[PDB]
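Visitor: Structure of the sequence below:
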Amino acid sequence: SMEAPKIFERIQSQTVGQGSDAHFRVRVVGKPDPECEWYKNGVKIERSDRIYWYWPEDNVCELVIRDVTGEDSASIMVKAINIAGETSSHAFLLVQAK
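Guide: Residues are numbered from 1 along each chain as shown. You can find the structure just below:
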């Protein structure tokens, strides 16, 4: 008895000073536990030392974009998926210089 992912808490838009770190969090459940995928301007995010996502809590998937630059302003999208379905949540990241 599989259950499609359901977002309880959507991601919120962030306006962050260039050089600071951007954080995005979604609370989502599903059976099996859904995998979490993040997209920056439509491009799927892969982990690096600057940008990665993790599970700070079992039902919270978080994206961290460290030391942002103007080049990081973007539409941010998280997609939670498991064998029963997928769902997504959207926000933007707006970077401000100095």
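
Visitor: Leaving aside the residues adjacent along the chain, what's closest to residue 32?
Guide: residue 82 (5.1 Å; C-beta to C-beta, 6 or more residues apart in numbering). C-beta coordinates here come from the backbone N, C-alpha and C atoms, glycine included.

Visitor: should've said residue 67
Guide: Using C-beta to C-beta, 6+ apart, the nearest residue to residue 67 is residue 19, at 5.6 Å.

Visitor: Could you report the separation of that neighbour from residue 30?
Guide: 36 Å (C-beta to C-beta, to the nearest Å).

Visitor: Compare those two (neighbour count), which wins?
Guide: residue 30 (22 against 12; other C-beta atoms under 10 Å).

Visitor: For that one, list the residues it contacts.
Guide: Neighbour list for residue 30: 3, 4, 5, 6, 80, 82, 84, 85 [criterion: C-beta atoms under 8 Å, 6 or more residues apart in numbering].

Visitor: Closest one of those residues to residue 49?
Guide: The nearest member of those to residue 49, counting by C-beta to C-beta, is residue 80 at 24.5 Å.

Visitor: thinking again about what came up before, format the contacts of residue 30 as CSV; extra columns: distance to residue 72 and secondary structure.
Guide: Listed next are these as CSV, based on distance: C-beta to C-beta, whole Å; DSSP: H, G, I helix; E, B strand; the rest coil:
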residue, distance to residue 72, secondary structure
3, 34, strand
4, 31, strand
5, 26, strand
6, 29, strand
80, 23, strand
82, 29, strand
84, 33, coil
85, 30, strand
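
Visitor: quick one: which of those residues is nearest residue 94?
Guide: Nearest member of the contacts of residue 30 to residue 94, counting by C-beta to C-beta, is residue 80, at 23.9 Å.
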